[PDB]
Every structure is written in structure tokens, then in C-alpha cells.
>>> print(open('coords.cif').read())   # mmCIF, C-alpha atoms and all ligand atoms
data_my_file
loop_
_atom_site.label_atom_id
_atom_site.label_comp_id
_atom_site.auth_asym_id
_atom_site.auth_seq_id
_atom_site.Cartn_x
_atom_site.Cartn_y
_atom_site.Cartn_z
CA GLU A 32 -32.55 45.45 41.30
CA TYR A 33 -30.83 43.45 44.01
CA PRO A 34 -30.53 45.35 47.33
CA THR A 35 -27.14 46.52 48.56
CA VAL A 36 -25.84 47.36 52.00
CA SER A 37 -26.45 51.13 51.85
CA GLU A 38 -30.16 50.50 51.11
CA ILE A 39 -30.78 48.36 54.22
CA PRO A 40 -30.65 49.83 57.74
CA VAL A 41 -29.17 47.37 60.22
CA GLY A 42 -32.21 45.65 61.70
CA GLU A 43 -34.22 45.46 58.45
CA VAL A 44 -34.45 42.53 56.04
CA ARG A 45 -35.23 42.52 52.32
CA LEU A 46 -36.59 39.63 50.26
CA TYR A 47 -35.73 39.09 46.58
CA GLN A 48 -37.57 36.52 44.47
CA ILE A 49 -35.11 34.51 42.38
CA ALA A 50 -37.53 32.01 40.86
CA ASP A 51 -40.93 30.47 41.42
CA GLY A 52 -41.02 29.59 45.09
CA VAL A 53 -37.40 30.64 45.76
CA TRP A 54 -36.24 33.89 47.40
CA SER A 55 -33.09 35.21 48.96
CA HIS A 56 -33.21 37.24 52.14
CA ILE A 57 -30.79 40.14 52.56
CA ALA A 58 -29.75 41.75 55.84
CA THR A 59 -26.93 43.97 57.12
CA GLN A 60 -24.66 43.84 60.15
CA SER A 61 -21.92 46.08 61.51
CA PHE A 62 -18.53 44.55 62.33
CA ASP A 63 -15.35 46.47 63.31
CA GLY A 64 -16.93 49.78 62.32
CA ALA A 65 -17.98 48.69 58.82
CA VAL A 66 -21.33 47.33 57.63
CA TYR A 67 -21.71 44.15 55.57
CA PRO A 68 -24.60 42.70 53.56
CA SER A 69 -25.45 39.02 53.91
CA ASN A 70 -27.73 36.57 52.07
CA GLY A 71 -29.69 33.50 52.99
CA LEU A 72 -32.32 31.53 51.06
CA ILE A 73 -36.05 30.75 51.32
CA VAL A 74 -37.53 27.76 49.44
CA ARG A 75 -41.24 27.00 49.28
CA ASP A 76 -42.03 23.39 50.26
CA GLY A 77 -45.72 22.80 49.63
CA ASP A 78 -47.49 25.18 51.99
CA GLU A 79 -44.51 25.62 54.36
CA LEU A 80 -41.11 27.29 53.96
CA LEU A 81 -37.58 25.93 54.31
CA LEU A 82 -35.16 28.59 55.57
CA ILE A 83 -31.48 28.55 54.57
CA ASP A 84 -29.27 30.42 57.10
CA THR A 85 -30.24 33.12 59.61
CA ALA A 86 -30.12 36.86 58.94
CA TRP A 87 -26.98 37.35 61.08
CA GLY A 88 -28.29 37.96 64.58
CA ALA A 89 -31.37 37.75 66.82
CA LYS A 90 -32.74 41.19 65.89
CA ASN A 91 -32.29 40.67 62.14
CA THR A 92 -33.69 37.14 62.31
CA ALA A 93 -36.85 38.34 64.09
CA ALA A 94 -37.23 40.95 61.35
CA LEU A 95 -36.63 38.20 58.77
CA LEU A 96 -39.54 36.17 60.14
CA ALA A 97 -41.75 39.27 60.11
CA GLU A 98 -40.89 40.13 56.49
CA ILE A 99 -41.61 36.54 55.46
CA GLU A 100 -45.05 36.65 57.08
CA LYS A 101 -45.71 40.04 55.48
CA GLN A 102 -44.63 39.13 51.93
CA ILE A 103 -45.12 35.36 51.69
CA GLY A 104 -47.44 34.44 54.55
CA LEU A 105 -46.44 30.76 54.84
CA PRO A 106 -44.93 29.16 57.96
CA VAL A 107 -41.19 28.57 58.20
CA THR A 108 -41.08 25.02 59.53
CA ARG A 109 -37.39 24.06 59.13
CA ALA A 110 -34.09 25.94 58.86
CA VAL A 111 -30.63 24.79 57.72
CA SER A 112 -27.45 26.65 58.68
CA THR A 113 -24.75 26.23 56.05
CA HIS A 114 -21.81 26.70 58.46
CA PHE A 115 -21.03 27.66 62.05
CA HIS A 116 -20.37 31.43 61.74
CA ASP A 117 -22.69 34.10 63.18
CA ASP A 118 -24.12 35.16 59.80
CA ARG A 119 -25.43 31.58 59.46
CA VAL A 120 -26.39 30.53 63.01
CA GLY A 121 -26.84 33.92 64.70
CA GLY A 122 -30.60 34.02 65.29
CA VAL A 123 -31.11 30.25 65.69
CA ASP A 124 -32.58 30.75 69.16
CA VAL A 125 -35.14 33.17 67.67
CA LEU A 126 -36.06 30.55 65.07
CA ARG A 127 -36.46 27.83 67.71
CA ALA A 128 -38.64 30.04 69.93
CA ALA A 129 -40.84 30.58 66.87
CA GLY A 130 -41.22 26.81 66.53
CA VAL A 131 -38.79 26.36 63.64
CA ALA A 132 -36.93 23.04 63.66
CA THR A 133 -33.28 24.10 63.26
CA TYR A 134 -30.74 21.85 61.46
CA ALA A 135 -27.03 21.66 60.70
CA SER A 136 -24.35 19.06 60.15
CA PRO A 137 -22.66 17.52 63.20
CA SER A 138 -19.53 19.26 61.96
CA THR A 139 -21.25 22.65 62.08
CA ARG A 140 -22.87 21.96 65.46
CA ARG A 141 -19.50 20.90 66.90
CA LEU A 142 -17.68 24.00 65.61
CA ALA A 143 -20.48 26.34 66.71
CA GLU A 144 -20.27 24.95 70.24
CA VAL A 145 -16.50 25.49 70.36
CA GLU A 146 -16.80 29.03 69.02
CA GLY A 147 -19.62 29.91 71.41
CA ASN A 148 -22.15 30.51 68.61
CA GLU A 149 -25.77 29.35 68.69
CA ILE A 150 -26.26 25.65 67.97
CA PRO A 151 -28.93 24.26 65.61
CA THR A 152 -30.94 21.59 67.39
CA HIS A 153 -31.08 18.83 64.74
CA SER A 154 -28.22 17.05 62.98
CA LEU A 155 -27.96 16.54 59.22
CA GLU A 156 -26.56 13.06 58.68
CA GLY A 157 -24.86 11.77 55.54
CA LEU A 158 -22.72 14.85 54.72
CA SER A 159 -19.40 14.24 56.48
CA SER A 160 -17.36 13.28 53.39
CA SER A 161 -16.42 15.55 50.46
CA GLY A 162 -18.86 15.02 47.61
CA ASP A 163 -21.67 13.77 49.88
CA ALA A 164 -25.20 14.83 48.94
CA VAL A 165 -28.52 14.26 50.72
CA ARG A 166 -32.09 15.29 49.98
CA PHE A 167 -33.83 17.67 52.36
CA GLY A 168 -37.34 18.23 51.06
CA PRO A 169 -37.31 20.71 48.19
CA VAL A 170 -33.50 20.99 48.13
CA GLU A 171 -30.37 18.88 47.87
CA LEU A 172 -27.63 19.49 50.43
CA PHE A 173 -24.04 19.06 49.25
CA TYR A 174 -20.77 19.06 51.15
CA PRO A 175 -18.09 20.08 48.63
CA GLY A 176 -15.18 19.82 51.06
CA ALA A 177 -13.43 22.43 53.13
CA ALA A 178 -13.33 25.92 51.67
CA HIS A 179 -14.45 29.12 53.43
CA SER A 180 -14.76 26.80 56.45
CA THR A 181 -14.30 23.07 57.03
CA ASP A 182 -18.07 22.55 57.41
CA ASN A 183 -19.52 24.75 54.64
CA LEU A 184 -22.48 23.21 52.81
CA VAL A 185 -24.09 24.27 49.57
CA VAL A 186 -27.77 24.00 48.76
CA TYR A 187 -29.37 23.26 45.40
CA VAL A 188 -33.01 23.80 44.41
CA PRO A 189 -33.59 21.35 41.52
CA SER A 190 -37.07 22.62 40.59
CA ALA A 191 -35.65 26.10 39.97
CA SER A 192 -31.98 25.32 39.12
CA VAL A 193 -30.89 27.68 41.94
CA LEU A 194 -27.44 26.94 43.42
CA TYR A 195 -26.92 28.52 46.85
CA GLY A 196 -23.14 28.48 47.32
CA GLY A 197 -23.03 30.29 50.67
CA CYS A 198 -19.71 31.75 51.74
CA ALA A 199 -17.60 29.26 49.78
CA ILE A 200 -18.56 31.39 46.74
CA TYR A 201 -17.79 35.10 46.28
CA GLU A 202 -19.80 37.67 44.36
CA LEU A 203 -18.05 38.95 41.24
CA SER A 204 -17.66 42.44 42.73
CA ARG A 205 -15.61 41.05 45.64
CA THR A 206 -11.96 40.89 44.55
CA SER A 207 -10.16 40.18 47.86
CA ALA A 208 -10.60 37.31 50.30
CA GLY A 209 -12.00 38.74 53.52
CA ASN A 210 -12.80 36.58 56.58
CA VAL A 211 -10.77 33.46 55.85
CA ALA A 212 -9.52 32.84 59.41
CA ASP A 213 -11.35 29.50 59.38
CA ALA A 214 -10.74 28.62 55.73
CA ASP A 215 -8.87 25.72 54.16
CA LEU A 216 -6.98 27.68 51.50
CA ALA A 217 -5.20 24.58 50.16
CA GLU A 218 -8.47 22.69 49.57
CA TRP A 219 -10.82 25.58 48.64
CA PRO A 220 -10.31 25.48 44.81
CA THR A 221 -10.68 21.69 44.82
CA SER A 222 -13.97 22.00 46.73
CA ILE A 223 -15.27 24.60 44.24
CA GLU A 224 -14.37 22.17 41.44
CA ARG A 225 -16.61 19.59 43.14
CA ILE A 226 -19.49 22.09 43.08
CA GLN A 227 -18.96 22.72 39.36
CA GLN A 228 -18.83 19.00 38.59
CA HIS A 229 -21.93 18.21 40.65
CA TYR A 230 -24.18 21.12 39.54
CA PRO A 231 -23.13 22.01 35.97
CA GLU A 232 -26.80 22.70 35.16
CA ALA A 233 -27.16 25.55 37.68
CA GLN A 234 -28.93 28.58 36.18
CA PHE A 235 -28.62 30.89 39.21
CA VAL A 236 -25.79 31.01 41.75
CA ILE A 237 -26.26 32.79 45.10
CA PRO A 238 -23.23 33.85 47.17
CA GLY A 239 -23.37 34.13 50.94
CA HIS A 240 -22.83 37.89 50.49
CA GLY A 241 -23.62 40.10 47.52
CA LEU A 242 -25.06 39.85 44.03
CA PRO A 243 -26.28 36.55 42.57
CA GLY A 244 -25.06 35.48 39.16
CA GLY A 245 -24.31 32.35 37.21
CA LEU A 246 -21.68 29.63 37.42
CA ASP A 247 -18.96 32.16 36.57
CA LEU A 248 -18.93 33.07 40.28
CA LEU A 249 -17.14 29.76 40.82
CA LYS A 250 -14.13 30.50 38.61
CA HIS A 251 -14.11 34.06 40.00
CA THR A 252 -13.94 32.68 43.53
CA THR A 253 -11.08 30.34 42.60
CA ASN A 254 -9.16 33.31 41.21
CA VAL A 255 -9.64 35.38 44.39
CA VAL A 256 -8.71 32.46 46.65
CA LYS A 257 -5.53 31.67 44.68
CA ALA A 258 -4.46 35.31 44.76
CA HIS A 259 -4.90 35.37 48.53
CA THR A 260 -3.03 32.05 48.77
CA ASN A 261 -0.04 33.69 47.02
CA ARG A 262 0.14 36.73 49.36
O1 LIG B 1 -16.49 36.81 54.13
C1 LIG B 1 -17.52 36.46 54.79
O2 LIG B 1 -18.11 35.36 54.57
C2 LIG B 1 -18.06 37.38 55.88
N1 LIG B 1 -18.97 37.03 56.77
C3 LIG B 1 -19.18 38.07 57.56
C4 LIG B 1 -18.36 39.10 57.12
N2 LIG B 1 -17.68 38.64 56.08
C5 LIG B 1 -16.70 39.40 55.31
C6 LIG B 1 -17.36 40.18 54.17
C7 LIG B 1 -16.59 40.97 53.33
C8 LIG B 1 -17.19 41.67 52.29
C9 LIG B 1 -18.56 41.58 52.09
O3 LIG B 1 -19.16 42.29 51.05
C10 LIG B 1 -19.33 40.78 52.93
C11 LIG B 1 -18.72 40.08 53.96
ZN ZN B 2 -18.46 32.30 57.39
ZN ZN B 3 -19.95 35.26 55.80
ZN ZN B 4 -13.18 37.65 38.94
#
>>> encode(input="coords.cif", output="C-alpha cells")
Amino acid sequence: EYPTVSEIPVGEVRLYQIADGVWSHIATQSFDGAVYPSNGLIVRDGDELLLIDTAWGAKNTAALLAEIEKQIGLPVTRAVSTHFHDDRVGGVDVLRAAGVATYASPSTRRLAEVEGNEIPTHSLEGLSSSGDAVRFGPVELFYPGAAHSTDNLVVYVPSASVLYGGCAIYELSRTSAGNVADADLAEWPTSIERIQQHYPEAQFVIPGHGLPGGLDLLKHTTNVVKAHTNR
């Protein structure tokens, strides 16, 4: 069973194997009195690991590295942050001090610097235009267009048919929008459409928060976004 927020003390990290050589990591963080679960991804690349997104803070990200060594035992050599918010880049300095090469799009690096969030060291080129895709080792990176944020990327694992949608995709159990201060409401459903059209073969779909599912998370997200648009 997939872990939920009441099962994870803030400061601890769970791993959940999705497929051969593909895990999610789950952590929790408090914000404005409430506690929120958050996902990232781990993809085996030969005898090293590619990390997708931090565990939302320095403390959680150190625990993330320790759980990975405990349960997997392979080195995390590169990390990709899928947008500039703290649940994606919070902990980047911990990754760098551990010798992880940290990556993000120029768009994400630029926004992180303006917000005051931690800044991934390396730039991911070739992703500035909606529909752009580039290979990054064992995954494909895809920029669907602005949605939850103007810079959000999605990540696809072709060997396992795992689509990591990040925060542009909502879990089915989430029926209201949430933190859309930085969203492009007008373009969000169009960007989701681009994800559908580019990865129709996806078997598993991982949201940035909550329970994985299939491609029906995409239509669900469109519904929730349109309802918030019509407030
Ligand atoms: O929406 C987001 O992307 C986000 N990032 C940090 C906090 N949130 C809001 C949230 C709301 C409900 C949840 O189950 C989980 C998260
Ligand atoms: Zn976000
Ligand atoms: Zn988020
Ligand atoms: Zn729904």
C-alpha cells in the first residue's frame, strides 16, 4: 500500500517501488499548520541512480539519501528538479554537498533565484518551448507548457512506462486546486493535453503529491483545474 501523510513523521522518507528499477520517494512537510505529503522519483541508471526532485527540505533530503543507501545501496549521481518550488529544489544544497550533480531548466533556475529558493547547478538545454523533449539517461524530459507553474517539466521512464507528471498532475483524491499562485490557469488544460498526446502508452502516472494511478489522472486534473478557473 502506498504511504500517506499520517504514516510518515516529518523528517522521515519512504520509498515505494513502482517497477523494475523505478521507485517513488515520499516525504512530509508542515506548511501553515497543516502537513502535506510529497513525491519524487528514483530511476536506476546502470549502477548509479538518477534522482527526480528533492524531498522538500534539507532535513528530508538528507533522510532521503540515507533511505536510498539503506534500501537500494547505489550512488545518486544526478538529480533533476521539475520546477522551482521548495518541494522540488528544497534540499539541493544537501544533494550537492553529497556530490550529486544537480540539474534544472534555465527557466527553473531563473525562477528559483527570484523566489530565493535553492538553485540547481546545471542547466537542462532544449526544453524552453512547449512540446520540447530531450533524453537524460534512463528518462525522457518533456516540457508540456505552463500549468502548475510556467517551468514545470514531466519525466518519462520508457523502459518501465512510468510517467512522472509532477505537480502539473493531481491525484484522483484531490478535488480542489491548492497552491496555484504560480500557475497558468488558461494554459494548464492545453499543457495536460500535450502530455496525453506525447505519452499515450504510459502504464503508471505519478503525481507530485499523493497516490499514483494511470492516465485517468490527466482528465481528472483538467476537471479540477477548470472548476477552479470558474470560481
Ligand atoms: O499543490 C502543490 O503542488 C503543493 N506543493 C506543496 C503544497 N502543495 C499543496 C498541496 C495540497 C494538497 C496535497 O495533498 C499536497 C499538496
Ligand atoms: Zn509547485
Ligand atoms: Zn507541490
Ligand atoms: Zn476527478
>>> residues_around(input="coords.cif", residues="stretch 102-112 of chain A", least_positions_apart="5", cutoff="9 Å", atoms="all atoms listed in the file", output="PyMOL selection string")
chain A and resi 46+73+75+78-85+96-97+119-120+123+126+129-136+139+151+155+184
>>> atom_distance(input="coords.cif", atom1="atom CA of residue A:59", atom2="atom CA of residue A:199")
18.9 Å
>>> atom_distance(input="coords.cif", atom1="atom CA of residue A:180", atom2="atom CA of residue A:247")
21.0 Å
>>> residues_near_ligand(input="coords.cif", ligand="ligand ZN 3 (chain B)", cutoff="7 Å", atoms="all atoms listed in the file", output="NGL selection string")
:A and (69 or 118 or 198 or 239-240)
>>> write_last_selection(input="coords.cif", atoms="C-alpha atoms", output="PDB file, in the coordinates of the input")
ATOM      1  CA  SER A  69     -25.450  39.020  53.910  1.00  0.00           C
ATOM      2  CA  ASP A 118     -24.120  35.160  59.800  1.00  0.00           C
ATOM      3  CA  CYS A 198     -19.710  31.750  51.740  1.00  0.00           C
ATOM      4  CA  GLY A 239     -23.370  34.130  50.940  1.00  0.00           C
ATOM      5  CA  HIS A 240     -22.830  37.890  50.490  1.00  0.00           C
TER       6      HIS A 240
END
>>> closest_atom_pairs(input="coords.cif", of="chain A", to="ligand LIG 1 (chain B)", cutoff="10 Å", atoms="only C-alpha atoms and all ligand atoms", output="Markdown table")
| residue | atom | partner | partner_atom | distance |
| --- | --- | --- | --- | --- |
| A:35 | CA | B:LIG1 | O3 | 9.4 |
| A:36 | CA | B:LIG1 | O3 | 8.4 |
| A:59 | CA | B:LIG1 | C10 | 9.2 |
| A:60 | CA | B:LIG1 | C3 | 8.4 |
| A:61 | CA | B:LIG1 | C4 | 9.0 |
| A:62 | CA | B:LIG1 | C4 | 7.5 |
| A:65 | CA | B:LIG1 | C7 | 9.6 |
| A:66 | CA | B:LIG1 | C10 | 8.3 |
| A:67 | CA | B:LIG1 | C10 | 4.9 |
| A:68 | CA | B:LIG1 | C10 | 5.6 |
| A:69 | CA | B:LIG1 | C10 | 6.4 |
| A:70 | CA | B:LIG1 | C10 | 9.4 |
| A:87 | CA | B:LIG1 | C3 | 8.6 |
| A:116 | CA | B:LIG1 | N1 | 7.6 |
| A:117 | CA | B:LIG1 | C3 | 7.7 |
| A:118 | CA | B:LIG1 | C3 | 6.2 |
| A:119 | CA | B:LIG1 | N1 | 8.9 |
| A:179 | CA | B:LIG1 | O2 | 7.3 |
| A:180 | CA | B:LIG1 | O2 | 9.4 |
| A:197 | CA | B:LIG1 | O2 | 8.1 |
| A:198 | CA | B:LIG1 | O2 | 4.9 |
| A:199 | CA | B:LIG1 | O2 | 7.8 |
| A:200 | CA | B:LIG1 | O2 | 8.8 |
| A:201 | CA | B:LIG1 | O1 | 8.1 |
| A:202 | CA | B:LIG1 | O3 | 8.2 |
| A:204 | CA | B:LIG1 | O3 | 8.5 |
| A:205 | CA | B:LIG1 | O3 | 6.6 |
| A:206 | CA | B:LIG1 | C8 | 9.4 |
| A:207 | CA | B:LIG1 | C8 | 8.4 |
| A:208 | CA | B:LIG1 | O1 | 7.0 |
| A:209 | CA | B:LIG1 | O1 | 4.9 |
| A:210 | CA | B:LIG1 | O1 | 4.4 |
| A:211 | CA | B:LIG1 | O1 | 6.8 |
| A:212 | CA | B:LIG1 | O1 | 9.6 |
| A:238 | CA | B:LIG1 | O2 | 9.1 |
| A:239 | CA | B:LIG1 | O2 | 6.5 |
| A:240 | CA | B:LIG1 | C10 | 5.2 |
| A:241 | CA | B:LIG1 | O3 | 6.1 |
| A:242 | CA | B:LIG1 | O3 | 9.5 |
>>> closest_residue(input="coords.cif", among="A:249, A:145, A:214, A:237", to="ligand ZN 2 (chain B)", atoms="only C-alpha atoms and all ligand atoms")
A:214
>>> closest_residue(input="coords.cif", among="A:220, A:88, A:176, A:231", to="residue A:43", atoms="all atoms listed in the file")
A:88
>>> decode(input="coords.cif", residues="stretch 243-255 of chain A", atoms="N, CA, C and O atoms", output="mmCIF file, in the first residue's frame")
data_model
loop_
_atom_site.group_PDB
_atom_site.id
_atom_site.type_symbol
_atom_site.label_atom_id
_atom_site.label_comp_id
_atom_site.auth_asym_id
_atom_site.auth_seq_id
_atom_site.Cartn_x
_atom_site.Cartn_y
_atom_site.Cartn_z
ATOM 1 N N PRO A 243 -0.215 7.343 -6.921
ATOM 2 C CA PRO A 243 -0.087 7.085 -8.360
ATOM 3 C C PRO A 243 -1.336 6.416 -8.921
ATOM 4 O O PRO A 243 -2.169 5.864 -8.195
ATOM 5 N N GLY A 244 -1.452 6.481 -10.231
ATOM 6 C CA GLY A 244 -2.534 5.823 -10.937
ATOM 7 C C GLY A 244 -2.151 5.621 -12.377
ATOM 8 O O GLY A 244 -0.980 5.394 -12.696
ATOM 9 N N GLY A 245 -3.155 5.702 -13.253
ATOM 10 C CA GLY A 245 -2.965 5.654 -14.676
ATOM 11 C C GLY A 245 -3.222 7.003 -15.325
ATOM 12 O O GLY A 245 -3.234 8.048 -14.671
ATOM 13 N N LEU A 246 -3.414 6.968 -16.647
ATOM 14 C CA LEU A 246 -3.601 8.199 -17.416
ATOM 15 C C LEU A 246 -4.884 8.933 -17.056
ATOM 16 O O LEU A 246 -5.049 10.092 -17.458
ATOM 17 N N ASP A 247 -5.799 8.294 -16.323
ATOM 18 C CA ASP A 247 -7.014 8.987 -15.921
ATOM 19 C C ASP A 247 -6.743 10.097 -14.910
ATOM 20 O O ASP A 247 -7.660 10.874 -14.623
ATOM 21 N N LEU A 248 -5.518 10.199 -14.369
ATOM 22 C CA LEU A 248 -5.202 11.366 -13.547
ATOM 23 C C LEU A 248 -5.202 12.630 -14.385
ATOM 24 O O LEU A 248 -5.450 13.720 -13.862
ATOM 25 N N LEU A 249 -4.925 12.497 -15.685
ATOM 26 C CA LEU A 249 -4.808 13.665 -16.550
ATOM 27 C C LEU A 249 -6.174 14.310 -16.771
ATOM 28 O O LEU A 249 -6.328 15.525 -16.607
ATOM 29 N N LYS A 250 -7.189 13.516 -17.126
ATOM 30 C CA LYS A 250 -8.519 14.101 -17.271
ATOM 31 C C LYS A 250 -9.033 14.606 -15.927
ATOM 32 O O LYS A 250 -9.656 15.670 -15.858
ATOM 33 N N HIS A 251 -8.772 13.858 -14.846
ATOM 34 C CA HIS A 251 -9.125 14.336 -13.507
ATOM 35 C C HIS A 251 -8.517 15.706 -13.229
ATOM 36 O O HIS A 251 -9.193 16.608 -12.715
ATOM 37 N N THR A 252 -7.239 15.883 -13.562
ATOM 38 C CA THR A 252 -6.602 17.160 -13.278
ATOM 39 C C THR A 252 -7.259 18.278 -14.078
ATOM 40 O O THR A 252 -7.529 19.363 -13.545
ATOM 41 N N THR A 253 -7.537 18.019 -15.353
ATOM 42 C CA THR A 253 -8.221 19.001 -16.192
ATOM 43 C C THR A 253 -9.539 19.428 -15.563
ATOM 44 O O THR A 253 -9.844 20.624 -15.489
ATOM 45 N N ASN A 254 -10.305 18.459 -15.051
ATOM 46 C CA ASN A 254 -11.577 18.779 -14.410
ATOM 47 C C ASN A 254 -11.377 19.717 -13.227
ATOM 48 O O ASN A 254 -12.095 20.711 -13.086
ATOM 49 N N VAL A 255 -10.419 19.395 -12.350
ATOM 50 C CA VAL A 255 -10.181 20.193 -11.145
ATOM 51 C C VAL A 255 -9.707 21.592 -11.514
ATOM 52 O O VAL A 255 -10.108 22.585 -10.895
#
